[PDB]
C-alpha cells in the first residue's frame, strides 16, 4: 500500500482515475477537487467554484471532470482544458453523493436523500429515474463499458446492478458488508466496494460468488474507490485524510 503525495486533504470523499492514471479526489472538507498526474509529486487544484461539501467525482472519456456538489444539490462539470464549469440540468436532488459517466456521456447520480438513482443523457434537460427497487440511502455509483450501472445500496448493506435498459436489478453476491460507500468496476468486470463500516475494500470477479478482501492497512472510514487500466486500486482513506493505492 502506497500513500499518494496529496497535501492538505480534509475528509476526502470521491476518487476517480482516468486512462492516463491521473487521480482525481474530492477534497470535501476544503470544498475543492484536486488531481495528481501519474508519477507526479504535486497536486493541481481544479478551477471549480462555489462547491459546498462535495462528494463524488467522475471523469469521462474526453477528460471532463464531474463532481457531485452535495451541499448545493447539484452536479457540476469542467471540460479538460477549460476554466468555466457548467452545471448539469438535474432537478430535485437531495444530498446527492455519487456520480458516474458512461461512454455515451450519460451522467448518473445517486440521489441519496431521495433513495433513487437518476440519469441524464448528454445535452438533455430531462432526467430519468433508473428502475432500482428498495434502495436505502444509496451512496456510490459506477457504470461499465456495457452500460451496466452499479450502486452501493448503503442503507441495506448490499450492492445492486442494472443492465442497460433492464427493468429489475441483480443483487451482487457480496457478504458481510457494513454501510458500503464507493464502488468501482474494472475492465474485466470485477467489482470493487469500499466496505466503509468495516474499514476494508472487497472485490468480486464477474460471475463469482466469493469476494476477496484487498490488503489495505489502517483504513479509517474509507469512502471512494477507483481502479485503473493496470488494475491498481485507489481508495480515499477519508478518516485519515489520505489516498492510498495497491498495485496488482
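Numbering follows the first chain given and starts at 1.
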Compare the mean C-alpha B-factor of 219-227 with that of 206-214 as given in the PDB entry, and name the stretch with the higher value. 206-214
Out of 25-33 and 177-185, which one has CA B-factors that are higher on average in the deposited record? 177-185
Among 117, 80, 101, 93, where is the Cα B factor highest in this entry? 80
Per the entry, which of 106, 136, 110, 73 tops the list for Cα B factor? 136
According to the PDB entry, is the CA B factor of residue 87 in the bottom, middle or top third of its chain, that is, lowest, middle or highest? lowest
What third of the chain, by the recorded C-alpha B-factor, contains residue 46? middle
Give the position of residue 54 by CA B-factor within its chain, expressed as the lowest, middle or highest third. middle
In terms of the chain's CA B-factor thirds, is residue 122 lowest, middle or highest? middle
CA B-factor ranking of residue 38, expressed as a third of its chain: highest
